[PDB]
Structure formats: structure tokens, C-alpha cells
file structure.cif (mmCIF, N, CA, C and O atoms)
data_entry
loop_
_atom_site.label_atom_id
_atom_site.label_comp_id
_atom_site.auth_asym_id
_atom_site.auth_seq_id
_atom_site.Cartn_x
_atom_site.Cartn_y
_atom_site.Cartn_z
N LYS A 81 1.83 17.21 7.65
CA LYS A 81 1.87 17.72 6.28
C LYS A 81 0.47 17.74 5.67
O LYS A 81 -0.01 18.79 5.24
N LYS A 82 -0.18 16.58 5.65
CA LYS A 82 -1.53 16.47 5.10
C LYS A 82 -2.47 15.82 6.10
O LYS A 82 -2.04 15.04 6.96
N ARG A 83 -3.76 16.13 5.99
CA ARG A 83 -4.76 15.57 6.89
C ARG A 83 -6.15 15.64 6.26
O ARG A 83 -6.74 16.71 6.14
N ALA A 84 -6.67 14.48 5.85
CA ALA A 84 -7.98 14.41 5.23
C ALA A 84 -8.99 13.74 6.16
O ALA A 84 -10.20 13.79 5.92
N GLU A 85 -8.48 13.11 7.22
CA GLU A 85 -9.34 12.43 8.18
C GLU A 85 -10.35 11.53 7.47
O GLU A 85 -11.52 11.47 7.85
N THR A 86 -9.88 10.83 6.44
CA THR A 86 -10.74 9.93 5.68
C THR A 86 -10.25 8.49 5.76
O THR A 86 -10.99 7.59 6.14
N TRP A 87 -8.98 8.28 5.40
CA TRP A 87 -8.39 6.95 5.44
C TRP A 87 -7.37 6.84 6.56
O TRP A 87 -6.63 7.79 6.84
N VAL A 88 -7.33 5.68 7.21
CA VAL A 88 -6.39 5.45 8.31
C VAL A 88 -5.16 4.69 7.83
O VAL A 88 -5.18 4.07 6.76
N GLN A 89 -4.09 4.74 8.62
CA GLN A 89 -2.85 4.05 8.27
C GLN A 89 -3.12 2.59 7.94
O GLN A 89 -2.57 2.05 6.98
N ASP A 90 -3.95 1.95 8.75
CA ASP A 90 -4.29 0.54 8.55
C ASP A 90 -4.82 0.31 7.14
O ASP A 90 -4.24 -0.44 6.36
N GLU A 91 -5.94 0.96 6.82
CA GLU A 91 -6.55 0.83 5.50
C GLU A 91 -5.57 1.20 4.40
O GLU A 91 -5.32 0.43 3.48
N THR A 92 -5.00 2.41 4.50
CA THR A 92 -4.05 2.89 3.51
C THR A 92 -2.98 1.84 3.23
O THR A 92 -2.79 1.42 2.09
N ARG A 93 -2.27 1.42 4.28
CA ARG A 93 -1.22 0.42 4.14
C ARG A 93 -1.73 -0.81 3.40
O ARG A 93 -1.10 -1.28 2.45
N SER A 94 -2.88 -1.33 3.83
CA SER A 94 -3.47 -2.50 3.21
C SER A 94 -3.68 -2.28 1.72
O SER A 94 -3.29 -3.11 0.89
N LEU A 95 -4.31 -1.16 1.38
CA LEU A 95 -4.58 -0.83 -0.02
C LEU A 95 -3.28 -0.74 -0.82
O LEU A 95 -3.08 -1.49 -1.78
N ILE A 96 -2.40 0.17 -0.41
CA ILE A 96 -1.12 0.34 -1.09
C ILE A 96 -0.49 -1.00 -1.43
O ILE A 96 -0.20 -1.29 -2.59
N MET A 97 -0.27 -1.82 -0.41
CA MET A 97 0.32 -3.14 -0.60
C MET A 97 -0.37 -3.89 -1.73
O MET A 97 0.25 -4.25 -2.73
N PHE A 98 -1.67 -4.14 -1.56
CA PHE A 98 -2.45 -4.85 -2.57
C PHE A 98 -2.22 -4.26 -3.96
O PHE A 98 -2.14 -4.98 -4.95
N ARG A 99 -2.11 -2.93 -4.01
CA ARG A 99 -1.89 -2.24 -5.28
C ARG A 99 -0.45 -2.41 -5.75
O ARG A 99 -0.17 -2.37 -6.95
N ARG A 100 0.46 -2.59 -4.80
CA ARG A 100 1.87 -2.76 -5.11
C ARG A 100 2.13 -4.13 -5.74
O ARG A 100 2.90 -4.26 -6.69
N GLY A 101 1.48 -5.15 -5.19
CA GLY A 101 1.65 -6.50 -5.71
C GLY A 101 0.88 -6.73 -7.00
O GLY A 101 1.38 -7.39 -7.91
N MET A 102 -0.32 -6.18 -7.08
CA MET A 102 -1.15 -6.33 -8.27
C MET A 102 -0.70 -5.37 -9.37
O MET A 102 -1.04 -5.56 -10.54
N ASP A 103 0.08 -4.36 -8.99
CA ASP A 103 0.58 -3.39 -9.94
C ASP A 103 0.95 -4.06 -11.27
O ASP A 103 0.52 -3.62 -12.33
N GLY A 104 1.74 -5.12 -11.18
CA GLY A 104 2.15 -5.83 -12.38
C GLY A 104 0.99 -6.09 -13.32
O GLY A 104 1.08 -5.83 -14.52
N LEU A 105 -0.11 -6.62 -12.79
CA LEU A 105 -1.29 -6.92 -13.59
C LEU A 105 -1.70 -5.71 -14.42
O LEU A 105 -2.20 -5.85 -15.54
N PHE A 106 -1.48 -4.52 -13.88
CA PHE A 106 -1.83 -3.29 -14.57
C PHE A 106 -0.86 -3.02 -15.72
O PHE A 106 -1.24 -2.45 -16.74
N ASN A 107 0.39 -3.42 -15.53
CA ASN A 107 1.42 -3.23 -16.55
C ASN A 107 1.27 -4.25 -17.68
O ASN A 107 1.33 -3.90 -18.86
N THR A 108 1.09 -5.51 -17.30
CA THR A 108 0.94 -6.59 -18.27
C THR A 108 -0.42 -6.53 -18.95
O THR A 108 -0.53 -6.69 -20.17
N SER A 109 -1.46 -6.29 -18.16
CA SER A 109 -2.82 -6.21 -18.68
C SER A 109 -3.24 -4.76 -18.88
O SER A 109 -3.17 -3.95 -17.96
N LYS A 110 -3.68 -4.43 -20.09
CA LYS A 110 -4.12 -3.08 -20.41
C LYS A 110 -5.26 -2.64 -19.50
O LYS A 110 -5.15 -1.65 -18.79
N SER A 111 -6.35 -3.40 -19.53
CA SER A 111 -7.52 -3.09 -18.70
C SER A 111 -7.15 -3.12 -17.22
O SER A 111 -6.36 -3.95 -16.78
N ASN A 112 -7.74 -2.20 -16.45
CA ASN A 112 -7.48 -2.13 -15.02
C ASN A 112 -8.78 -2.24 -14.23
O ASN A 112 -8.78 -2.71 -13.09
N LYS A 113 -9.88 -1.81 -14.83
CA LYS A 113 -11.18 -1.86 -14.18
C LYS A 113 -11.35 -3.16 -13.41
O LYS A 113 -11.76 -3.16 -12.25
N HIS A 114 -11.03 -4.28 -14.06
CA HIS A 114 -11.15 -5.59 -13.43
C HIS A 114 -10.19 -5.71 -12.24
O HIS A 114 -10.50 -6.36 -11.25
N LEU A 115 -9.03 -5.07 -12.36
CA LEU A 115 -8.03 -5.11 -11.30
C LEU A 115 -8.50 -4.32 -10.08
O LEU A 115 -8.29 -4.74 -8.94
N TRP A 116 -9.14 -3.18 -10.33
CA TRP A 116 -9.64 -2.34 -9.25
C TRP A 116 -10.66 -3.09 -8.41
O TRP A 116 -10.56 -3.13 -7.18
N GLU A 117 -11.65 -3.68 -9.07
CA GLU A 117 -12.70 -4.42 -8.38
C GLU A 117 -12.10 -5.55 -7.54
O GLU A 117 -12.51 -5.76 -6.40
N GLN A 118 -11.13 -6.25 -8.11
CA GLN A 118 -10.47 -7.35 -7.41
C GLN A 118 -9.87 -6.88 -6.09
O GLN A 118 -10.13 -7.45 -5.03
N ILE A 119 -9.06 -5.83 -6.16
CA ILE A 119 -8.42 -5.28 -4.98
C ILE A 119 -9.44 -5.02 -3.87
O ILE A 119 -9.26 -5.45 -2.73
N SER A 120 -10.51 -4.31 -4.21
CA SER A 120 -11.55 -3.99 -3.25
C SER A 120 -12.03 -5.25 -2.53
O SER A 120 -11.88 -5.38 -1.32
N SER A 121 -12.62 -6.17 -3.29
CA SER A 121 -13.12 -7.42 -2.73
C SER A 121 -12.15 -7.98 -1.69
O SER A 121 -12.55 -8.31 -0.58
N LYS A 122 -10.88 -8.08 -2.07
CA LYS A 122 -9.86 -8.60 -1.18
C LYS A 122 -9.81 -7.80 0.12
O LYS A 122 -9.79 -8.37 1.21
N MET A 123 -9.80 -6.47 0.00
CA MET A 123 -9.76 -5.60 1.16
C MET A 123 -10.90 -5.92 2.12
O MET A 123 -10.68 -6.18 3.30
N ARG A 124 -12.13 -5.90 1.60
CA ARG A 124 -13.31 -6.19 2.41
C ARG A 124 -13.11 -7.47 3.22
O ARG A 124 -13.45 -7.53 4.40
N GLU A 125 -12.56 -8.49 2.57
CA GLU A 125 -12.32 -9.77 3.23
C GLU A 125 -11.42 -9.60 4.45
O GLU A 125 -11.62 -10.24 5.48
N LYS A 126 -10.43 -8.73 4.32
CA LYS A 126 -9.49 -8.47 5.41
C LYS A 126 -10.21 -7.82 6.60
O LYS A 126 -9.84 -8.04 7.75
N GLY A 127 -11.23 -7.03 6.31
CA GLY A 127 -11.98 -6.37 7.36
C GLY A 127 -12.18 -4.89 7.09
O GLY A 127 -12.75 -4.17 7.91
N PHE A 128 -11.69 -4.43 5.94
CA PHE A 128 -11.82 -3.02 5.56
C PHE A 128 -12.90 -2.84 4.50
O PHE A 128 -12.75 -3.27 3.36
N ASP A 129 -13.99 -2.18 4.89
CA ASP A 129 -15.10 -1.93 3.98
C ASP A 129 -14.87 -0.66 3.18
O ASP A 129 -15.15 0.44 3.65
N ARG A 130 -14.34 -0.81 1.97
CA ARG A 130 -14.07 0.33 1.10
C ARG A 130 -14.47 0.03 -0.34
O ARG A 130 -14.13 -1.03 -0.88
N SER A 131 -15.19 0.96 -0.96
CA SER A 131 -15.63 0.79 -2.34
C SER A 131 -14.45 0.74 -3.29
O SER A 131 -13.34 1.16 -2.97
N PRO A 132 -14.68 0.20 -4.50
CA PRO A 132 -13.64 0.08 -5.53
C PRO A 132 -13.23 1.44 -6.10
O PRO A 132 -12.06 1.67 -6.38
N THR A 133 -14.21 2.32 -6.27
CA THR A 133 -13.95 3.65 -6.81
C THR A 133 -13.09 4.47 -5.85
O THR A 133 -12.26 5.27 -6.27
N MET A 134 -13.31 4.28 -4.55
CA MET A 134 -12.56 5.00 -3.53
C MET A 134 -11.08 4.67 -3.61
O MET A 134 -10.23 5.57 -3.61
N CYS A 135 -10.77 3.38 -3.69
CA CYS A 135 -9.38 2.93 -3.77
C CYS A 135 -8.71 3.47 -5.03
O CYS A 135 -7.54 3.87 -5.00
N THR A 136 -9.45 3.48 -6.13
CA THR A 136 -8.92 3.96 -7.40
C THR A 136 -8.46 5.41 -7.29
O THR A 136 -7.30 5.72 -7.55
N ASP A 137 -9.38 6.29 -6.90
CA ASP A 137 -9.06 7.71 -6.75
C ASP A 137 -7.97 7.91 -5.71
O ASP A 137 -7.02 8.67 -5.92
N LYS A 138 -8.10 7.23 -4.57
CA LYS A 138 -7.13 7.34 -3.50
C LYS A 138 -5.72 7.00 -3.99
O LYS A 138 -4.75 7.67 -3.63
N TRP A 139 -5.63 5.97 -4.83
CA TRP A 139 -4.34 5.56 -5.38
C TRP A 139 -3.71 6.68 -6.19
O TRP A 139 -2.62 7.16 -5.85
N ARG A 140 -4.38 7.10 -7.25
CA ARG A 140 -3.88 8.16 -8.11
C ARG A 140 -3.26 9.28 -7.27
O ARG A 140 -2.20 9.80 -7.60
N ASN A 141 -3.94 9.66 -6.19
CA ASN A 141 -3.46 10.72 -5.32
C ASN A 141 -2.15 10.32 -4.65
O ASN A 141 -1.23 11.13 -4.54
N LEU A 142 -2.07 9.07 -4.22
CA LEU A 142 -0.86 8.56 -3.57
C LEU A 142 0.34 8.67 -4.49
O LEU A 142 1.47 8.86 -4.04
N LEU A 143 0.10 8.56 -5.80
CA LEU A 143 1.16 8.64 -6.79
C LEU A 143 1.67 10.08 -6.92
O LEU A 143 2.87 10.32 -6.95
N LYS A 144 0.73 11.02 -6.99
CA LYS A 144 1.08 12.43 -7.12
C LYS A 144 1.88 12.91 -5.91
O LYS A 144 2.83 13.67 -6.05
N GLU A 145 1.49 12.44 -4.73
CA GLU A 145 2.17 12.82 -3.49
C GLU A 145 3.49 12.07 -3.35
O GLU A 145 4.49 12.63 -2.91
N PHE A 146 3.48 10.79 -3.72
CA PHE A 146 4.68 9.96 -3.64
C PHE A 146 5.81 10.56 -4.46
O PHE A 146 6.97 10.58 -4.02
N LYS A 147 5.48 11.05 -5.65
CA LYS A 147 6.48 11.66 -6.53
C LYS A 147 7.00 12.96 -5.94
O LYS A 147 8.21 13.12 -5.73
N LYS A 148 6.10 13.90 -5.68
CA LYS A 148 6.47 15.19 -5.11
C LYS A 148 7.31 15.01 -3.85
O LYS A 148 8.28 15.73 -3.64
N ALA A 149 6.92 14.05 -3.02
CA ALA A 149 7.64 13.78 -1.78
C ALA A 149 9.14 13.65 -2.04
O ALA A 149 9.56 13.27 -3.13
N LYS A 150 9.93 13.96 -1.02
CA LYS A 150 11.39 13.88 -1.13
C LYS A 150 11.80 12.65 -1.93
O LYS A 150 11.03 11.70 -2.06
N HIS A 151 13.03 12.67 -2.44
CA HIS A 151 13.55 11.54 -3.22
C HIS A 151 15.04 11.36 -2.97
O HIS A 151 15.77 12.33 -2.74
N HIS A 152 15.49 10.11 -3.02
CA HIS A 152 16.90 9.80 -2.80
C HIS A 152 17.80 10.90 -3.38
O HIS A 152 18.43 11.64 -2.64
N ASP A 153 17.83 10.98 -4.71
CA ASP A 153 18.65 11.99 -5.38
C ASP A 153 18.67 13.29 -4.59
O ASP A 153 17.66 13.72 -4.05
N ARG A 154 19.85 13.91 -4.52
CA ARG A 154 20.01 15.17 -3.79
C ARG A 154 19.44 16.34 -4.59
O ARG A 154 19.38 16.29 -5.82
N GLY A 155 19.04 17.39 -3.89
CA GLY A 155 18.49 18.56 -4.55
C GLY A 155 17.14 18.96 -3.99
O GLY A 155 16.12 18.85 -4.66
N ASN A 156 17.14 19.44 -2.75
CA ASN A 156 15.91 19.86 -2.09
C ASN A 156 15.50 21.26 -2.55
O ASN A 156 14.32 21.53 -2.77
N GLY A 157 16.49 22.14 -2.68
CA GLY A 157 16.21 23.50 -3.11
C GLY A 157 15.82 24.40 -1.96
O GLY A 157 15.89 24.01 -0.80
N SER A 158 15.40 25.62 -2.28
CA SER A 158 15.00 26.59 -1.26
C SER A 158 13.48 26.65 -1.15
O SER A 158 12.81 27.37 -1.89
N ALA A 159 12.93 25.89 -0.20
CA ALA A 159 11.49 25.86 0.02
C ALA A 159 10.97 27.24 0.42
O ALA A 159 10.13 27.82 -0.26
N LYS A 160 11.47 27.75 1.54
CA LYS A 160 11.06 29.05 2.04
C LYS A 160 11.22 30.12 0.97
O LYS A 160 11.96 29.94 0.00
N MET A 161 10.54 31.25 1.15
CA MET A 161 10.62 32.35 0.20
C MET A 161 11.29 33.57 0.83
O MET A 161 11.36 33.68 2.05
N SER A 162 11.78 34.47 -0.02
CA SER A 162 12.45 35.68 0.46
C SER A 162 11.43 36.73 0.88
O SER A 162 10.50 37.05 0.14
N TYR A 163 11.61 37.27 2.09
CA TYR A 163 10.71 38.28 2.61
C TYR A 163 11.03 39.65 2.02
O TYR A 163 12.14 40.16 2.17
N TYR A 164 10.04 40.25 1.36
CA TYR A 164 10.22 41.56 0.74
C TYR A 164 10.63 42.60 1.78
O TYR A 164 9.91 42.85 2.74
N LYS A 165 11.80 43.19 1.57
CA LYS A 165 12.32 44.20 2.49
C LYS A 165 12.56 43.61 3.87
O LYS A 165 12.24 44.23 4.89
N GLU A 166 13.13 42.41 3.91
CA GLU A 166 13.41 41.74 5.17
C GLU A 166 14.26 42.62 6.08
O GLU A 166 13.77 43.13 7.09
#

call {"tool": "encode", "arguments": {"input": "structure.cif", "output": "C-alpha cells"}}
result
Amino acid sequence: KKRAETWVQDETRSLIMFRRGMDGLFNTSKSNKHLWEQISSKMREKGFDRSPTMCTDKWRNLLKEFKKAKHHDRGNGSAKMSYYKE
């Protein structure tokens, strides 16, 4: 479906998780800047060298795709289009 050849499953998974658990901090605490930096530092410790800004932008994208992506509720619709004068 998608291919950016930038982030690997390993890194992605690690980031997502960290963002999933810390997510709360973002809900309870207004400021996030501090949360972003924290996540990064943690990642580096694991063995993944990734800047804080990278994770931030990468996340936002994961949300846009996560939503658009299929969902439990039924209702896929007609993806394909009608061929003019088929």
C-alpha cells in the first residue's frame, strides 16, 4: 500500500508503543513538546537513533493513515471506479 523506505517495522513499532503508553500524558498534560523529547531519548536508549522532530511528524501521519485505514464498523463502499463506456 505505502512505501517510504524511511522507517522500519522495528523502529515504527517501538515508537508507536512509546506513544501509545505516553499518550495519556498528552491528554492530561496540555504541553506535549516535553513529551516528544522524552519519547525520543527513550528510543535512543533502546538502540534506535531517531530525532524528536522525526517521531512527532511521523506520528501525526500514523494517525491520518490509521483513521483512513479499514475499521471494524461495516461499510467499505465501492473503491474501484466505473469505466466510461465499459

call {"tool": "atom_distance", "arguments": {"input": "structure.cif", "atom1": "atom C of residue 123 (chain A)", "atom2": "atom O of residue 85 (chain A)"}}
result
18.3 Å

call {"tool": "atom_distance", "arguments": {"input": "structure.cif", "atom1": "CA of residue 140 (chain A)", "atom2": "atom O of residue 107 (chain A)"}}
result
17.0 Å

call {"tool": "closest_residue", "arguments": {"input": "structure.cif", "among": "A:89, A:82, A:117, A:142", "to": "residue 130 (chain A)", "atoms": "all atoms listed in the file"}}
result
A:117

call {"tool": "closest_residue", "arguments": {"input": "structure.cif", "among": "A:162, A:141, A:86, A:94", "to": "residue 119 (chain A)", "atoms": "all atoms listed in the file"}}
result
A:94

call {"tool": "select_by_dssp", "arguments": {"input": "structure.cif", "residues": "chain A", "states": "alpha helix (DSSP H)", "output": "PyMOL selection string"}}
result
chain A and resi 89-108+113-126+132-148

call {"tool": "closest_residue", "arguments": {"input": "structure.cif", "among": "A:147, A:81, A:122, A:160", "to": "residue 99 (chain A)", "atoms": "only C-alpha atoms"}}
result
A:122

call {"tool": "axis_aligned_box", "arguments": {"input": "structure.cif", "around": "region 120-139 of chain A", "padding_each_side": "6 Å", "output": "AutoDock Vina command-line options"}}
result
--center_x -9.1 --center_y -0.8 --center_z 0.2 --size_x 25.0 --size_y 30.9 --size_z 27.5

call {"tool": "atom_distance", "arguments": {"input": "structure.cif", "atom1": "atom N of residue 87 (chain A)", "atom2": "atom N of residue 131 (chain A)"}}
result
11.5 Å

call {"tool": "decode", "arguments": {"input": "structure.cif", "residues": "region 82-97 of chain A", "atoms": "N, CA, C and O atoms", "output": "mmCIF file, in the first residue's frame"}}
result
data_model
loop_
_atom_site.group_PDB
_atom_site.id
_atom_site.type_symbol
_atom_site.label_atom_id
_atom_site.label_comp_id
_atom_site.auth_asym_id
_atom_site.auth_seq_id
_atom_site.Cartn_x
_atom_site.Cartn_y
_atom_site.Cartn_z
ATOM 1 N N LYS A 82 1.734 1.372 0.998
ATOM 2 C CA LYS A 82 2.622 2.523 1.113
ATOM 3 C C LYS A 82 4.074 2.078 1.250
ATOM 4 O O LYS A 82 4.354 0.981 1.731
ATOM 5 N N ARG A 83 4.994 2.939 0.826
ATOM 6 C CA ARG A 83 6.418 2.635 0.903
ATOM 7 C C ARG A 83 7.250 3.913 0.872
ATOM 8 O O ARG A 83 7.369 4.563 -0.166
ATOM 9 N N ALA A 84 7.822 4.268 2.018
ATOM 10 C CA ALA A 84 8.643 5.468 2.123
ATOM 11 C C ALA A 84 10.116 5.112 2.294
ATOM 12 O O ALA A 84 10.989 5.969 2.171
ATOM 13 N N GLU A 85 10.383 3.841 2.580
ATOM 14 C CA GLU A 85 11.751 3.373 2.771
ATOM 15 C C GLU A 85 12.514 4.295 3.718
ATOM 16 O O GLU A 85 13.683 4.611 3.489
ATOM 17 N N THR A 86 11.846 4.723 4.784
ATOM 18 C CA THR A 86 12.459 5.609 5.766
ATOM 19 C C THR A 86 12.512 4.953 7.141
ATOM 20 O O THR A 86 13.578 4.850 7.748
ATOM 21 N N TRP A 87 11.358 4.512 7.626
ATOM 22 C CA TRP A 87 11.274 3.864 8.930
ATOM 23 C C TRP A 87 10.991 2.374 8.781
ATOM 24 O O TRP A 87 10.233 1.960 7.904
ATOM 25 N N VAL A 88 11.606 1.569 9.643
ATOM 26 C CA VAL A 88 11.419 0.124 9.607
ATOM 27 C C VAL A 88 10.395 -0.323 10.644
ATOM 28 O O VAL A 88 10.087 0.411 11.583
ATOM 29 N N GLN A 89 9.872 -1.532 10.468
ATOM 30 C CA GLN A 89 8.881 -2.076 11.389
ATOM 31 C C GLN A 89 9.374 -1.993 12.830
ATOM 32 O O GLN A 89 8.622 -1.625 13.733
ATOM 33 N N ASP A 90 10.640 -2.337 13.038
ATOM 34 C CA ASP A 90 11.234 -2.300 14.369
ATOM 35 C C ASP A 90 11.076 -0.918 14.996
ATOM 36 O O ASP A 90 10.443 -0.769 16.041
ATOM 37 N N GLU A 91 11.657 0.089 14.352
ATOM 38 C CA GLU A 91 11.581 1.458 14.849
ATOM 39 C C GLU A 91 10.129 1.900 15.007
ATOM 40 O O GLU A 91 9.715 2.339 16.080
ATOM 41 N N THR A 92 9.358 1.780 13.931
ATOM 42 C CA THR A 92 7.954 2.167 13.949
ATOM 43 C C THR A 92 7.238 1.584 15.162
ATOM 44 O O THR A 92 6.664 2.317 15.967
ATOM 45 N N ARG A 93 7.278 0.261 15.288
ATOM 46 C CA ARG A 93 6.632 -0.420 16.403
ATOM 47 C C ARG A 93 7.064 0.187 17.734
ATOM 48 O O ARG A 93 6.231 0.509 18.581
ATOM 49 N N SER A 94 8.373 0.339 17.912
ATOM 50 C CA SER A 94 8.917 0.903 19.142
ATOM 51 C C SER A 94 8.319 2.279 19.419
ATOM 52 O O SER A 94 7.844 2.552 20.523
ATOM 53 N N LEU A 95 8.347 3.143 18.410
ATOM 54 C CA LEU A 95 7.808 4.492 18.543
ATOM 55 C C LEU A 95 6.329 4.454 18.914
ATOM 56 O O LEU A 95 5.929 4.959 19.963
ATOM 57 N N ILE A 96 5.523 3.851 18.047
ATOM 58 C CA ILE A 96 4.088 3.744 18.285
ATOM 59 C C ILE A 96 3.798 3.377 19.737
ATOM 60 O O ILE A 96 3.093 4.100 20.441
ATOM 61 N N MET A 97 4.348 2.251 20.178
ATOM 62 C CA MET A 97 4.151 1.790 21.548
ATOM 63 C C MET A 97 4.410 2.917 22.543
ATOM 64 O O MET A 97 3.520 3.310 23.297
#
